[PDB]
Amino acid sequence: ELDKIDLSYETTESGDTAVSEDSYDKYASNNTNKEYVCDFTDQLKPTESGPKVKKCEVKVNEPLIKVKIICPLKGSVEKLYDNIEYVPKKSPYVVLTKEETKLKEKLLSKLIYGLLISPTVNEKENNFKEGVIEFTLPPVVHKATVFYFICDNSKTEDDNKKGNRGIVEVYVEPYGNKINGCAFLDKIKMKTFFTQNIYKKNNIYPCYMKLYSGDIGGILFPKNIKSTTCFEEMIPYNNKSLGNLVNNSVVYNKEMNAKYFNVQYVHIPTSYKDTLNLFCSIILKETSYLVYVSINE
């Protein structure tokens, strides 16, 4: 349901606005730390000059960037957004890619392996129905990607004024090679993204992700998983969560609720220079797997 694509859907960047591509009002996202934001609250109001096309360019060449997109909701202000529309309606699970000057629906998870889509944004649903959508990009991207969202207010009319059509284009350039960590496996995508693979039937080497200051770690957890003490209750062999052990580290997908990819990532800060040797575990339902994390050995 949330991930349902319509293969027959077609649109264009300009939509039905009659604006040629040379006349788009292009601008960049408001980038702060690792959060790139395209806010349309003030951009799409009905204007005399409208309909104008306003394109927000999200250019990503770094890992673990979070993209927030704010699209004003119908009725947030009376009359000004009465006929607003957003595309795809199943964003961010569904995005638009350019195929022959045409935009068609594609699953974002198949475009970028490892992409984290949380179910909630600020404890509201992660859907344009709540006005905001978010997704975190992975620590590794191999092929360049370009996908689009639409937040179109051009059909809204107020006296002689008309709203504007909003376009967000996310441009991901390649970055990274492999993720320091382990993939518990049963595609080639699962095998090539992590430095160590752990097979279920006959394993010799348990999970050993070796981190240093500035490095990114990750774990692809087994599909069948009961619980894990990994990154919240860790055992030093030299304040038990990794956050408490490494001040200002960040763990992505703490709650393991992201769709598709059962992964969480860790970022060791460049400041952190002390040495640490930790243990956590992964429980299956059916045995359990041991995880050894070393930092700055």
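Note that residue numbering follows the sequence shown and begins at 1.
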query	finding
Flanks modelled, residue 85 absent in at least a third of other entries	no
Other PDB entries, at least a third, lacking residue 125	no
Chain break class at residue 186/residue 187 - deposited residues not modelled	10 or more
Between residue 286 and residue 287 - deposited residues without coordinates, as a size class	4 to 9
Mean C-alpha B-factor comparison - 98 to 106 and 169 to 177, higher one	98 to 106
146 to 154 or 78 to 86, whichever carries the higher mean Cα B-factor	78 to 86
Residue selected from 48, 255, 39, 62 by maximal Cα B factor	48
Member of 71, 216, 112, 121 with the greatest C-alpha B factor (per the PDB record)	121
Among modelled residues of the same chain, the CA temperature factor third for residue 25	lowest
CA B-factor ranking of residue 240, expressed as a third of its chain	highest
Ranked C-alpha temperature factor of residue 137 among modelled chain residues, by third	lowest
Relative C-alpha B-factor of residue 91, binned into the chain's lowest, middle or highest third	lowest
Ranked against its chain, the third holding the CA B-factor of residue 211	middle
